[PDB]
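Input: a single structure, listed below in structure tokens.
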Amino acid sequence: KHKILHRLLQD
Amino acid sequence: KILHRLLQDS
Amino acid sequence: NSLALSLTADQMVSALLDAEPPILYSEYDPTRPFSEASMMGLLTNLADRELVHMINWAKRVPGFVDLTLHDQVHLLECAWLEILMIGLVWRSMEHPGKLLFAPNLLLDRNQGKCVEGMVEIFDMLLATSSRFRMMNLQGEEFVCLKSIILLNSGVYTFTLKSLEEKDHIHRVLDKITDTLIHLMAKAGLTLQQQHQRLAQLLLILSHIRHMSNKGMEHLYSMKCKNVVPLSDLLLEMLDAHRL
Amino acid sequence: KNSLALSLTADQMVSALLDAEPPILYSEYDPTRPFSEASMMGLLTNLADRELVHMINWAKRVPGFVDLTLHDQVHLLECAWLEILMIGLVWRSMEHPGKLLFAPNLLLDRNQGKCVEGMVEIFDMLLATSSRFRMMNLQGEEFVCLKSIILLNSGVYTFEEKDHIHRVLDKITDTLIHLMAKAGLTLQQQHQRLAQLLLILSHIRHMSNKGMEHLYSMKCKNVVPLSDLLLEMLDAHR
């Protein structure tokens with residue numbers, strides 16, 4: 001799923 | 001309060 | 001002068017073990033067919049009868065009798081479901097993947113999934129008994145944790161005379177902590193292992209609080225649904241958290 | 001699959017957590033001191049969204065947290081984010097009795113929490129936690145340990161990846177006892193203070209559950225605008 005949390009953890 | 005008197009029974 | 005502060009470690013365990021409530025039975029009938037409300041009616045009937053034993057179990061807990069009647073009511077109103085859940089988890093410890101609500105009522109998650117919303121609470125209860133099974137929790141440690149829940153779950157939601165009683169509760173909590181360490185020292189654990197086990201046990205109480213908060217919310221929607229019957233004492237405990 | 005968090009000493013664990021501390025953020029500087037119900041919640045949810053971005057950077061800098069999978073890291077933050085925000089708020093409010101320090105330019109007492117219905121209940125619980133941390137003389141090295149314990153423990157029973165978390169949790173327990181013995185506490189005072197601190201986490205969990213429900217009702221009111229990130233963290237609890 002698309003989560004903003006995923007992007008913030010990978011960056 | 002039911003809990004009041006159940007704690008109060010002696 | 002109180003008695004809870006003058007108890008030794010072994011005397012603390014003996015008092016908590018003698019005060020242990022019995023394992024009540026359910027009105028479950030395997031012949032009788034099963035509804036979402038029929039299962040919850042058995043669980044709410046069982047919890048109500050267990051509340052009567054818990055109220056008298058709390059009287060035999062050291063330090064609890066030394067408290068104000070209004071302070072006793074507050075602690076039970078905030079911890080009653082926590083204590084029911086840890087008791088259920090403790091009984092279900094020897095039944096992997098199943099919850100032993102009563103000796104005649106052993107339910108797996110698929111049987112417990114027949115009530116919506118209950119599935120999440122069901123898995124968390126199973127995971128708690130798994131964690132107890134991994135740690136090999138002892139009955140001496142369980143009765144300690146249950147008395148900790150009773151005295152700790154309501155101290156931060158309660159003038160100088162009212163703070164004197166609050167400072168007395170923390171002195172009893174420290175006595176139970178000394179008892180937990182005294183139990184772990186007998187089991188051969190090193191000084192490092194005692195602090196780790198003590199931390200591991202008290203961290204589980206955070207999860208039991210989470211299960212009780214979620215369990216209290218699902219019990220509230222059951223009231224408004226009005227399908228599952230709820231006793232007057234169980235309804236008073238529910239109005240204590242929402243208000 | 002070995003991690004470098006278990007090899008750190010107790011002092012190296014304290015230093016790694018202190019250098020990972022998030023910054024203290026500010027709120028809007030409008031001098032309109034009388035708050036409305038939407039004005040106060042707007043300032044608080046705006047601050048929570050900005051503080052949440054720094055929390056994610058703090059989480060990655062917690063020893064052992066980087067070793068979890070992306071999905072395990074997401075689960076831990078999703079269930080613990082409000083607790084971490086709350087224990088951070090309670091910590092900054094220690095030297096302000098009867099007041100919550102949301103920001104250096106946003107200090108509020110309990111009378112100002114009446115502007116939002118249902119907020120005065122959580123307000124009192126937060127003030128009560130500050131008093132306990134104040135009367136316990138909570139140190140900064142103990143605070144950073146309690147916050148990392150929340151991150152790793154709050155969602156650990158809702159998942160060998162679990163063993164890694166429990167090994168780091170035992171590491172922080174060694175770190176906490178190391179800090180207390182360093183301060184001169186006896187053996188009896190060490191496990192007693194350890195127990196008192198960990199039992200407060202059970203109440204921080206309670207404030208989070210009460211606050212997570214209050215944040216859900218404001219989503220249903222649609223009066224205070226919540227950010228998409230705050231909504232996704234809120235949706236993870238339902």
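Identifiers in this document derive from the order of the structure tokens: chains are assigned A, B, ..., residues are numbered from 1 separately in each chain, and ligands are numbered from 1 in order of occurrence.
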Kindly determine which residues of chain D lie within 9 Å of chain A, considering only C-alpha atoms, and give the answer as a PyMOL selection string. chain D and resi 53+56-57+59-60+70-71+73-74+77-78+228-229+232-233
Residue subset to file, keeping N, CA, C and O atoms, as an mmCIF file, in the first residue's frame:
data_model
loop_
_atom_site.group_PDB
_atom_site.id
_atom_site.type_symbol
_atom_site.label_atom_id
_atom_site.label_comp_id
_atom_site.auth_asym_id
_atom_site.auth_seq_id
_atom_site.Cartn_x
_atom_site.Cartn_y
_atom_site.Cartn_z
ATOM 1 N N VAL D 53 7.436 14.440 11.741
ATOM 2 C CA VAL D 53 8.485 14.262 10.742
ATOM 3 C C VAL D 53 9.841 14.057 11.412
ATOM 4 O O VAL D 53 10.645 13.226 10.971
ATOM 5 N N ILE D 56 10.280 10.459 13.018
ATOM 6 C CA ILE D 56 10.686 9.395 12.103
ATOM 7 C C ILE D 56 12.198 9.392 11.920
ATOM 8 O O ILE D 56 12.827 8.329 11.842
ATOM 9 N N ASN D 57 12.812 10.575 11.865
ATOM 10 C CA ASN D 57 14.269 10.631 11.834
ATOM 11 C C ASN D 57 14.874 10.187 13.158
ATOM 12 O O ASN D 57 15.957 9.595 13.170
ATOM 13 N N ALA D 59 13.484 7.893 15.157
ATOM 14 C CA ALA D 59 13.305 6.446 15.199
ATOM 15 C C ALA D 59 14.427 5.727 14.456
ATOM 16 O O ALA D 59 14.996 4.752 14.962
ATOM 17 N N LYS D 60 14.769 6.201 13.254
ATOM 18 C CA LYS D 60 15.835 5.559 12.490
ATOM 19 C C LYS D 60 17.176 5.656 13.205
ATOM 20 O O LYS D 60 18.053 4.811 12.993
ATOM 21 N N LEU D 70 11.203 -2.800 6.816
ATOM 22 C CA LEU D 70 10.421 -1.592 6.574
ATOM 23 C C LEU D 70 9.020 -1.722 7.155
ATOM 24 O O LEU D 70 8.478 -0.762 7.714
ATOM 25 N N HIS D 71 8.423 -2.910 7.049
ATOM 26 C CA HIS D 71 7.068 -3.097 7.557
ATOM 27 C C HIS D 71 7.040 -3.159 9.080
ATOM 28 O O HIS D 71 6.079 -2.687 9.699
ATOM 29 N N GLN D 73 9.198 -1.542 11.054
ATOM 30 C CA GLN D 73 9.388 -0.157 11.471
ATOM 31 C C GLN D 73 8.092 0.632 11.354
ATOM 32 O O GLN D 73 7.789 1.473 12.209
ATOM 33 N N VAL D 74 7.312 0.373 10.303
ATOM 34 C CA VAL D 74 6.045 1.073 10.118
ATOM 35 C C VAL D 74 5.068 0.709 11.226
ATOM 36 O O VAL D 74 4.369 1.575 11.768
ATOM 37 N N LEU D 77 5.983 2.485 14.666
ATOM 38 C CA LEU D 77 5.662 3.908 14.681
ATOM 39 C C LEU D 77 4.156 4.138 14.664
ATOM 40 O O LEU D 77 3.657 5.052 15.330
ATOM 41 N N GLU D 78 3.417 3.315 13.926
ATOM 42 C CA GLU D 78 1.979 3.517 13.769
ATOM 43 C C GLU D 78 1.203 3.386 15.077
ATOM 44 O O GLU D 78 0.170 4.034 15.252
ATOM 45 N N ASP D 228 -2.583 14.865 5.919
ATOM 46 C CA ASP D 228 -2.709 13.509 5.392
ATOM 47 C C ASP D 228 -1.842 12.528 6.172
ATOM 48 O O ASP D 228 -2.240 11.378 6.391
ATOM 49 N N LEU D 229 -0.653 12.963 6.600
ATOM 50 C CA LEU D 229 0.199 12.098 7.409
ATOM 51 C C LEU D 229 -0.448 11.797 8.755
ATOM 52 O O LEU D 229 -0.444 10.649 9.212
ATOM 53 N N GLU D 232 -3.188 9.257 8.207
ATOM 54 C CA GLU D 232 -2.730 7.889 7.989
ATOM 55 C C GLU D 232 -2.240 7.247 9.279
ATOM 56 O O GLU D 232 -2.407 6.038 9.467
ATOM 57 N N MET D 233 -1.631 8.030 10.173
ATOM 58 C CA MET D 233 -1.286 7.503 11.489
ATOM 59 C C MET D 233 -2.533 7.246 12.323
ATOM 60 O O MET D 233 -2.548 6.328 13.151
#
What are the residues of chain B lining chain C at 7 Å or less? Count only C-alpha atoms, and put the answer as a ChimeraX atom specification. /B:2-4,7
Find the residues in chain C near chain D: any atom within 7 Å counts, using only C-alpha atoms. Write them as a ChimeraX atom specification. /C:124,127,156-157,174,177,195-196,199,202-203,205-206,209-210,213
Grab the residues selected above and save them as a CSV table (one decimal), in the first residue's frame with C-alpha atoms.
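Result written to out.csv:
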chain,number,residue,atom,x,y,z
C,124,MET,CA,-4.0,-9.6,21.4
C,127,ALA,CA,-0.4,-13.0,21.9
C,156,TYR,CA,-2.7,8.9,38.1
C,157,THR,CA,-6.5,9.7,37.7
C,174,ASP,CA,7.5,-1.1,45.8
C,177,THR,CA,8.5,-5.1,43.2
C,195,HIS,CA,16.1,-6.6,36.2
C,196,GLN,CA,15.4,-7.8,32.6
C,199,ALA,CA,11.1,-5.1,33.0
C,202,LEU,CA,5.9,-4.7,33.6
C,203,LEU,CA,6.0,-3.9,29.9
C,205,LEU,CA,1.0,-4.5,31.6
C,206,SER,CA,1.2,-1.7,29.0
C,209,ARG,CA,-3.9,-1.6,29.3
C,210,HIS,CA,-4.2,-1.3,25.5
C,213,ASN,CA,-9.0,0.3,26.5
Near-residue 64 of chain C list (10 Å; only C-alpha atoms; drop same-chain fewer than 4 positions) as a PyMOL selection string: chain C and resi 4+58-60+68-69+71-72+75+147+150-151+169+172
Could you turn the residues from that selection into a file that holds N, CA and C atoms, as a PDB file, in the first residue's frame?
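What follows is the written file out.pdb:
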ATOM      1  N   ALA C   4       0.591  -3.996  55.195  1.00  0.00           N
ATOM      2  CA  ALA C   4       1.192  -4.292  53.899  1.00  0.00           C
ATOM      3  C   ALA C   4       2.675  -3.947  53.868  1.00  0.00           C
ATOM      4  N   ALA C  58     -10.013  -8.169  45.999  1.00  0.00           N
ATOM      5  CA  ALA C  58      -9.281  -6.927  46.216  1.00  0.00           C
ATOM      6  C   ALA C  58      -9.194  -6.574  47.694  1.00  0.00           C
ATOM      7  N   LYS C  59     -10.188  -6.977  48.490  1.00  0.00           N
ATOM      8  CA  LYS C  59     -10.145  -6.703  49.924  1.00  0.00           C
ATOM      9  C   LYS C  59      -8.980  -7.427  50.587  1.00  0.00           C
ATOM     10  N   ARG C  60      -8.669  -8.636  50.123  1.00  0.00           N
ATOM     11  CA  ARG C  60      -7.570  -9.414  50.681  1.00  0.00           C
ATOM     12  C   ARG C  60      -6.218  -9.049  50.082  1.00  0.00           C
ATOM     13  N   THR C  68      -9.078   4.645  51.164  1.00  0.00           N
ATOM     14  CA  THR C  68     -10.414   5.214  51.255  1.00  0.00           C
ATOM     15  C   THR C  68     -11.402   4.370  50.461  1.00  0.00           C
ATOM     16  N   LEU C  69     -12.640   4.287  50.957  1.00  0.00           N
ATOM     17  CA  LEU C  69     -13.684   3.584  50.219  1.00  0.00           C
ATOM     18  C   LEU C  69     -13.834   4.158  48.815  1.00  0.00           C
ATOM     19  N   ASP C  71     -11.448   5.687  47.193  1.00  0.00           N
ATOM     20  CA  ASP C  71     -10.239   5.311  46.468  1.00  0.00           C
ATOM     21  C   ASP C  71     -10.300   3.860  46.006  1.00  0.00           C
ATOM     22  N   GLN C  72     -10.899   2.980  46.813  1.00  0.00           N
ATOM     23  CA  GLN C  72     -11.058   1.591  46.391  1.00  0.00           C
ATOM     24  C   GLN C  72     -11.956   1.494  45.165  1.00  0.00           C
ATOM     25  N   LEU C  75      -9.999   2.613  41.914  1.00  0.00           N
ATOM     26  CA  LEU C  75      -9.026   1.651  41.405  1.00  0.00           C
ATOM     27  C   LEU C  75      -9.713   0.498  40.686  1.00  0.00           C
ATOM     28  N   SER C 147      -1.921  -7.803  41.339  1.00  0.00           N
ATOM     29  CA  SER C 147      -2.020  -6.793  42.389  1.00  0.00           C
ATOM     30  C   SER C 147      -1.392  -5.474  41.957  1.00  0.00           C
ATOM     31  N   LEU C 150      -4.034  -3.613  39.967  1.00  0.00           N
ATOM     32  CA  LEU C 150      -5.092  -3.054  40.801  1.00  0.00           C
ATOM     33  C   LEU C 150      -4.679  -1.720  41.407  1.00  0.00           C
ATOM     34  N   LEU C 151      -3.436  -1.617  41.876  1.00  0.00           N
ATOM     35  CA  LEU C 151      -2.982  -0.425  42.580  1.00  0.00           C
ATOM     36  C   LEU C 151      -2.389   0.638  41.665  1.00  0.00           C
ATOM     37  N   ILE C 169       0.125   4.119  48.520  1.00  0.00           N
ATOM     38  CA  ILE C 169      -0.046   3.106  47.480  1.00  0.00           C
ATOM     39  C   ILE C 169       1.290   2.782  46.824  1.00  0.00           C
ATOM     40  N   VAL C 172       3.319   0.355  48.721  1.00  0.00           N
ATOM     41  CA  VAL C 172       2.893  -1.029  48.551  1.00  0.00           C
ATOM     42  C   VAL C 172       3.364  -1.573  47.209  1.00  0.00           C
TER      43      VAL C 172
END
Give me, please, the distance in Å between atom CA of residue 134 of chain D and atom CA of residue 94 of chain D, quoted to one decimal. 5.5 Å
To one decimal place in Å, what is the distance between atom CA of residue 220 of chain D and atom CA of residue 51 of chain D?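 So the two atoms, atom CA of residue 220 of chain D and atom CA of residue 51 of chain D, lie 23.2 Å apart.
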Mind checking DSSP for segment 5-240 of chain C and telling me the helix (DSSP H, G or I) residues as a VMD selection string? chain C and resid 5 to 6 9 to 18 36 to 59 69 to 94 109 to 112 118 to 135 139 to 152 155 to 157 160 to 186 191 to 225 232 to 240
